[PDB]
Amino acid sequence: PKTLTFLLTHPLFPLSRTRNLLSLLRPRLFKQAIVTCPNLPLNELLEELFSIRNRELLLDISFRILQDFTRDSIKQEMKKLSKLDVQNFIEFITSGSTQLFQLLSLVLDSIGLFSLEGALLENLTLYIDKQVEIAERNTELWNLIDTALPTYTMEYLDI
Amino acid sequence: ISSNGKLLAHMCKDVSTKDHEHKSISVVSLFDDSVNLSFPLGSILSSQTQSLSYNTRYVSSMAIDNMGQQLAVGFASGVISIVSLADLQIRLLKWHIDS
Amino acid sequence: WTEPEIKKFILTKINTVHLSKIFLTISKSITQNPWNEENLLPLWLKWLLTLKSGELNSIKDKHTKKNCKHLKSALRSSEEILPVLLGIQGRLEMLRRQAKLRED
Amino acid sequence: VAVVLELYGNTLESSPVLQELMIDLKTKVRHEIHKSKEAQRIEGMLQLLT
Amino acid sequence: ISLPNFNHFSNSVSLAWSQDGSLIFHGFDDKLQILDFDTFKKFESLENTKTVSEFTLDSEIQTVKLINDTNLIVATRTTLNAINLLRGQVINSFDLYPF
Amino acid sequence: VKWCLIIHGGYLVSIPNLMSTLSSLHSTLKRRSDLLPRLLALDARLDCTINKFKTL
RNA sequence: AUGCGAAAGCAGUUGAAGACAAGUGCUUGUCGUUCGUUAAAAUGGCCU
């Protein structure tokens, strides 16, 4: 409704619709509510991110949560979250940007030291190594963007 | 105005209107009519400064002796010139690097 | 165009004679794909910049400088992205060593 | 050294001593970049281990 | 310390301190947070009487003040809102957007 | 320090105020990691000049 | 170099009139001149 989109444009949205309207919204109104809603709970937002809908909502939700929330809170909520979808998510990242890299940093922080598979970690180190390399070449290129004695000279002239 | 208050010395543009030598310096007495002189800044300045900038040719401060013998001009390039008003001639004082 | 040394050679020939238009298409291609794995086209831009900067400054004023500012924006975003990527590489190295310690 | 390289590139080509000095400088700056890369890595390790 | 890593920069912050030294009102853009000084974290009510630790105000905060340990004044980018703290509800409002 | 943080990490994640314990380590790595980008810039310009005088 | 903006950046900007000098009625430069726009020089450096 136009009134609902006007209230999504409106700054204050009191408590309960911010608590549970994401399940009701689960397209256009979805994108509007995610680009603007003043209060958005972490459990529902991380579940929406870890859904595999992938409308560049990766970028959208990641920028939203990194704008509005703290690293310790994201770490604790993703500690509470499930491991299998985390594995599928990091598989999605290594298959196919600073928002998602900070997301990768935070999921590493939440997973800690215990649940690391072998070949998954091998592919992750390979991907991160080649992307560090291309980022280093990119940085050097950007800095490059930001960057007498006539002892005897036999000549001839045209008169 | 000279430090007594008996002389004033000012500049004019009517010789810009009537000459290529542009600004005219004129010094006038106040309570008597003893001294009154007028001459162009083309005669005041040097000749080697005409291939140079308006910073040099921009006069920025005037000072007069209490007798009227010396008139000190100070340009925007930082070089003072003191003219003796008998033979109407210059001596240069060069220290300031700004105006 | 394949070998970097023959790229230096053909670059010297381009500067002998075209450099503006190839710089423009290289600029548009890189500002489209900043993360292109093919390093050869960045070697093109790198050698062209370390050889012929002055004429790049003195040729034009608008239809080079606009895309130059846009590519500056993209590559400065890459310079922003680098350090947390280095830190993530460090954490992965730590986890690899811990896995090694669990093995042996 | 940013402003020295900005000034003196021509005499850098002309005289060979400064060329060897630039070789030593290149090696040491690359070595320093390596040092700071490893230090950033260890700081990332600490931020994991918080 | 209390150092969160926010990817958004806002030029307009403010903060205020209760007289006892316990309650700290950190007003960042759009949002006031209430913190205990002992923890530097959100003062979470065990009673939960709708004295919510975060306030969200319609405009960007230019000023937070507490005139006593009761009344909190906020001057926001368009308006001005006076709130009580013994009951978590805004008392008074004033429009300053033309001014 | 690499192998130490590898091995003994359990007690390190168990102790609460890791900053106040490992203060000087955090500060030293902070200085060096903050030093890095100007070094990258200086190496970029230095390599440009070196390849310029080496190409001919 | 103006506005918005975060210490990033994002948009936009360099128009005429008049007068004078020099060179050759024509070219450049200049302004202690107007209106319209959101708009390096005179060898000369710090007291006791």
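Chains as they are written, first to last, in PDB author numbering: chain A, 520 to 545, 548 to 617, 631 to 681, 712 to 723; chain B, 201 to 299; chain C, 411 to 427, 429 to 515; chain D, 463 to 512; chain E, 599 to 697; chain F, 502 to 557. We put the CB at the ideal spot given by N, CA and C, even for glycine.
By the criterion of Cβ-Cβ separation under 8 angstroms, what are the contact partners of E/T654 in chain A? Walking along the fifth sequence from the start, residue 654 of chain E turns up at place 56. Neighbours of E/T654 on chain A, chain order: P530, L531, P559 and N560.
Does any C-beta atom of chain A lie closer than 8 angstroms to the C-beta of D/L483? Start at 1 with the first residue of the fourth sequence, and residue 483 of chain D comes out as number 21. Judged by the 8 angstroms Cβ criterion, D/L483 is not in contact with chain A.
Relative to the C-alpha of residue 300 of chain B, which candidate in B/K223, B/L208, B/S224 and B/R257 has its C-alpha closest? The question about residue 300 of chain B has no answer here: the residues shown for chain B are numbered 201 through 299.
Within a Cβ cutoff of 8 angstroms, which residues of the same chain sit near A/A554, ignoring the five residues on either side of it in sequence? Indexing the first sequence from 1 puts residue 554 of chain A at position 33. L527, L540, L541 and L544, listed in sequence order.
Other residues of its chain near A/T557: CB distance less than 6 angstroms, five sequence neighbours each side excluded: As a first step, residue 557 of chain A must be located in the first sequence, where it is residue number 36. Within the same chain, A/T557 has close Cβ partners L527.
Does C/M505 pass the burial test, meaning 16 or more other C-beta atoms within 10 Å, or should it be called exposed? The residue given as residue 505 of chain C occupies position 94 in the third sequence. Under this definition C/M505 is a buried residue.
On the premise that A/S639 lies in contact with C/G498, defined as a C-beta separation below 8 angstroms, what is that separation, rounded to the nearest angstrom? Residue mapping note: residue 498 of chain C aligns to position 87 of the third sequence, counting from 1. Residue mapping note: residue 639 of chain A aligns to position 105 of the first sequence, counting from 1. C/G498 to A/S639, Cβ: 7 angstroms. Contact.
Contact under 8 angstroms by Cβ, E/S600 with E/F638: What you label residue 600 of chain E is simply residue 2 of the fifth sequence in a count that begins at 1. What you label residue 638 of chain E is simply residue 40 of the fifth sequence in a count that begins at 1. Their beta carbons are under 8 angstroms apart, which means E/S600 touches E/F638 by this criterion.
Beta-carbon within less than 7 angstroms of A/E569's beta-carbon, same chain only, minus the 5 sequence neighbours each way: which residues are those? As a position in the first sequence, residue 569 of chain A is number 48, starting the count at 1. If we look at A/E569 and ignore the five residues flanking it on each side, its Cβ neighbours are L541 and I582.
Considering only DSSP beta bridges, list what C/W446 is partnered with. Position 35 of the third sequence, counted from the start, is the residue given in the question as residue 446 of chain C. C/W446 pairs with nothing; no bridge assigned.
May I ask you to verify whether the region 472-480 of chain D touches the region 605-623 of chain E, counting CB pairs closer than 8 angstroms and requiring at least 3? no
Would you call the CB atoms of F/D544 and D/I495 closer than 8 angstroms? As a position in the sixth sequence, residue 544 of chain F is number 43, starting the count at 1. As a position in the fourth sequence, residue 495 of chain D is number 33, starting the count at 1. Yes, the pair counts as a contact, with Cβ atoms nearer than the cut-off.
Give the residues of chain A in contact with F/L547, contact being defined as C-beta atoms less than 7 angstroms apart. Within the sixth sequence, numbered from 1, the residue matching residue 547 of chain F stands at position 46. Under the 7 angstroms cutoff, chain A gives no residues; its nearest Cβ is about 11 angstroms from F/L547.
Alpha helix (DSSP H) runs contained entirely in the region 514-556 of chain F, provided each spans 4 or more residues: 519-522 and 524-556
What did DSSP end up calling B/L285 once you bin it into helix, strand or coil? As a working note, residue 285 of chain B is residue 85 in the second sequence. Residue state, collapsed to three classes: coil.
Among D/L487, D/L508, D/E482 and D/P478, which residue has its Cα nearest to the Cα of F/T529? On the sixth sequence, position 28 is the one that residue 529 of chain F refers to. Nearest option by C-alpha distance: D/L508.
Residues of the region 586-600 of chain A in Cβ contact with chain E at a cutoff of 7 angstroms, in chain order, please. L587, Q588, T591 and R592
For C/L512, go through chain F and note every residue whose CB falls closer than 9 angstroms to its CB, in chain order. Here the question's residue 512 of chain C lines up with position 101 in the third sequence. Correct list: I507 and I508.
Compare the Cα-Cα distances from C/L456 to each of A/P562, A/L678, A/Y716 and A/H529 and report the closest residue. For the purposes of this step, residue 456 of chain C is taken as the residue at position 45 of the third sequence. When only C-alpha atoms are compared, the closest one is A/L678.
Can you find a CB in chain F that lies within less than 8 angstroms of the CB of A/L678? Along the first sequence, one-based indexing puts residue 678 of chain A at 144. Yes, A/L678 lies at the interface with chain F (some Cβ there is under 8 angstroms from its Cβ).
Closer than 7 angstroms by beta-carbon distance: list the chain A residues that pair up with D/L508, in chain order. Along the fourth sequence, read from residue 1 onward, the residue named residue 508 of chain D stands at position 46. Under the 7 angstroms cutoff, chain A gives no residues; its nearest Cβ is about 12 angstroms from D/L508.
Let me see if you follow: with CB-CB separation under 8 angstroms, is A/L543 close to chain F or not? Working through the first sequence from its first residue, we reach residue 543 of chain A at position 24. False, the Cβ-Cβ gap to chain F never drops below 8 angstroms.
Distance, E/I659 Cα to E/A673 Cα: Taking the fifth sequence and counting its residues from 1, the one referred to as residue 673 of chain E is at position 75. Taking the fifth sequence and counting its residues from 1, the one referred to as residue 659 of chain E is at position 61. Going by the C-alpha atoms only, they are around 6 angstroms apart.
Unbroken beta strand (DSSP E) run spanning B/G274, endpoints: Against the second sequence, residue 274 of chain B aligns to sequence position 74. Taken as a continuous stretch (DSSP letters only), the beta strand (DSSP E) holding B/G274 covers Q270 to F275.
Answer with yes or no whether the minimum CB distance from C/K463 to chain A is below 8 angstroms. In the third sequence, counting from the first residue as 1, residue 463 of chain C sits at position 52. Chain A contact via Cβ: absent.
With 16 as the cutoff for other CB atoms within 10 Å, does E/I681 come out buried or exposed? If you number the fifth sequence from 1, residue 681 of chain E lands on position 83. Per the 10 Å Cβ criterion, buried.
Inter-stretch contact at 8 angstroms, needing at least 3 Cβ pairs: the region 475-494 of chain C / the region 435-444 of chain C: yes
Cβ-based burial, C/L493 [other Cβ within 10 Å; buried from 16]: Position 82 of the third sequence, counted from the first residue, corresponds to residue 493 of chain C. With 16 or more Cβ atoms within 10 Å of its Cβ, C/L493 is classed as buried.
Between A/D643 and chain D, is there a C-beta pair that is closer than 8 angstroms? For the purposes of this step, residue 643 of chain A is taken as residue 109 along the first sequence, with counting starting at 1. Yes, because at least one Cβ of chain D sits closer than 8 angstroms to the Cβ of A/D643.
Contact residues within the region 485-499 of chain D, judged by C-beta distance below 9 angstroms to chain C: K499
Determine the contact status of residue 546 of chain A and A/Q633, defining contact as a CB-CB distance below 8 angstroms. Within the gap of chain A, which runs from 545 to 548, lies residue 546 of chain A, and it has no coordinates in the structure.
Just tell me which of A/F610, A/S572, A/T615 and A/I645 has its CA closest to the CA of A/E598. Mapped onto the first sequence, residue 598 of chain A falls at position 77. Checking every option, the nearest Cα to that of A/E598 belongs to A/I645.
Distance CB(D/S498)-CB(F/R533) smaller than 8 angstroms: Along the fourth sequence, one-based indexing puts residue 498 of chain D at 36. Along the sixth sequence, one-based indexing puts residue 533 of chain F at 32. Yes, they are a contact pair.
4 or more residues per run - each alpha helix (DSSP H) lying fully within the region 607-682 of chain E: none
Looking at A/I668: is its Cβ nearer than 8 angstroms to the Cβ of C/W446? Working through the first sequence from its first residue, we reach residue 668 of chain A at position 134. Working through the third sequence from its first residue, we reach residue 446 of chain C at position 35. A contact, by the Cβ cut-off of 8 angstroms.
Cβ pair E/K663, E/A614 closer than 8 angstroms: For the purposes of this step, residue 663 of chain E is identified with residue 65 of the fifth sequence, where counting begins at 1. For the purposes of this step, residue 614 of chain E is identified with residue 16 of the fifth sequence, where counting begins at 1. Yes, the Cβ-Cβ distance between E/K663 and E/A614 is below 8 angstroms.
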